[PDB]
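Next comes just one chain, in structure tokens: the form deposited in one PDB entry.
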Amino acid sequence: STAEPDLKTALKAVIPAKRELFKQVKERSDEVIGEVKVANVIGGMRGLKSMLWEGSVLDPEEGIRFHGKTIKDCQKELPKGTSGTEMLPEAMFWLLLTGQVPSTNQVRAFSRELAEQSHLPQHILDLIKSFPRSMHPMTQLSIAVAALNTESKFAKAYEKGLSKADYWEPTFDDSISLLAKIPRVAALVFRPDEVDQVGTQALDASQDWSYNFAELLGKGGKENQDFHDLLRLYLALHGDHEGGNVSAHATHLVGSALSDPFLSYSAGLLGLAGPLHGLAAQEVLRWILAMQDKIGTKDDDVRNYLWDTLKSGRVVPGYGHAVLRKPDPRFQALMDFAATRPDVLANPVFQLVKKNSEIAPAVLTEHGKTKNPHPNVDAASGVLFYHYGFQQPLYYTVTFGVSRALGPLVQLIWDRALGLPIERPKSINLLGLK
């Protein structure tokens, strides 16, 4: 018999190595690694290698990787739930933060902490009851998450006097706290009539984070285990996708001024509430339902509708990437999940998604407007939730919000451990570029 370390202790063990690596990179401070062009200034920094992000790197052949591991490696190696086939988001968080795969026992102890720390102050429940029905769900989520800054250990510690070398410890604490609480907050956004019951309902401390999220959404018990596996997979896959995306970047940006994790990830959610970032899954579902509606329920069928769409100036949602040359491995992971659930395979709406994925890439290639027109993860995610009875697309981004806490919180902990300074680029006006 031997002792197994908790998440904080595992993080502490890999901190010195990262600091040694950081110090070596600093010796190369003057080394040139690229050029700033006018294109980069007016194209929202596109292709400008200008920020640090430890947890995930996009490989152009294999897609997103987490400390060098593919989605397929993660599905195989990361710990599962006490029931189910899919990898756990808490395990993904552990991997993102430490660079190492946790044992099963380590993940269970982490899950338990997350269940025990999930309760909300009374003032947050009052805040949520104040929201009108017309308020966008993503707005409700961003606000409620910011409001949890009342519970921030970092805010309080920084005010009192705190060593720069130790800024990470309170940041970690708040990150775990945020993580514990956010599923509950999301469930209250889904269920505005049940705030008092859902807001205080005790969780089963022996179950995983995704299971408990499902329970607070009204989908608990063994009868909903298929949904539990979807939710686990979905949450793990959307946790991190580099630093350049707006929710990750905004979190890093705001956090670099030493706003605590609650205020920082709030800012990330505000970016995620943007139609060009987080509402892609909702847009795809809408477009698939509109397509089913026009063709009813009739391989060659789909092609006419696609061509009709492109020749009218509209885009096919859920298709394309600027760098990835193959289908998004996260998309593939959602279809592998579908492949073993016969009932999802029999849903007409998923059948329509699947046919379109086998036909649209050829069609979009021949049309030539969009480079790398392969399905991305947003093609599939909406339909899967729709199958399990989440039929209001407005809330899809809320689920992405929960998931997307994982990666940016990890980077925030590392930003503070490494002592990274405030993000301060230099602006210029158009006249100044002549």
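Between two forms, the rigid core is defined as the largest C-alpha subset superposing within 1.5 Å. Start at 1 and count along the sequence shown; that's the residue number.
One more form of this protein exists, namely the form deposited with a small molecule bound; it is left out here, but the text below deals with it.
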Partner-contacting position among 50, 70, 370, 40 - heavy atom within 4.5 Å of the small molecule in the deposited bound form: 370
Assert contact residue (the small molecule, in the deposited bound form, non-hydrogen atom within 4.5 Å, options 346, 339, 202, 322) equals 322
Residue 290: touches the small molecule in the deposited bound form, heavy atom cutoff 4.5 angstroms: no
Consider residue 275 of the chain shown here, and say whether it contacts the small molecule in the deposited bound form, taking contact as heavy atoms within 4.5 Å. yes
Might residue 376 be said to contact the small molecule in the deposited bound form, defining contact as any heavy atom within 4.5 Å? yes
Any chance residue 315 has a heavy atom within 4.5 Å of the small molecule in the deposited bound form? yes
Every residue in 13, 80 and 176 with a non-hydrogen atom within 4.5 Å of the small molecule in the deposited bound form? no
Of these, 140-148, 89-97, 346-354, 306-314, which stretch puts a heavy atom within 4.5 angstroms of the small molecule in the deposited bound form? 306-314
Hey, after the core superposition between the shown form and the other one, which of 354, 241, 184, 249 has the C-alpha moving 2 angstroms or more? 354
Aligning on the core only, does the CA of residue 123 end up 2 angstroms or more away between the shown form and the other one? no
Relative to the superposed rigid core, does residue 305 relocate between the shown form and the other one - that is, does its Cα move 2 Å or more? yes
Is residue 375 one of the residues whose Cα moves 2 Å or more between the shown form and the other one, with the core superposed? yes
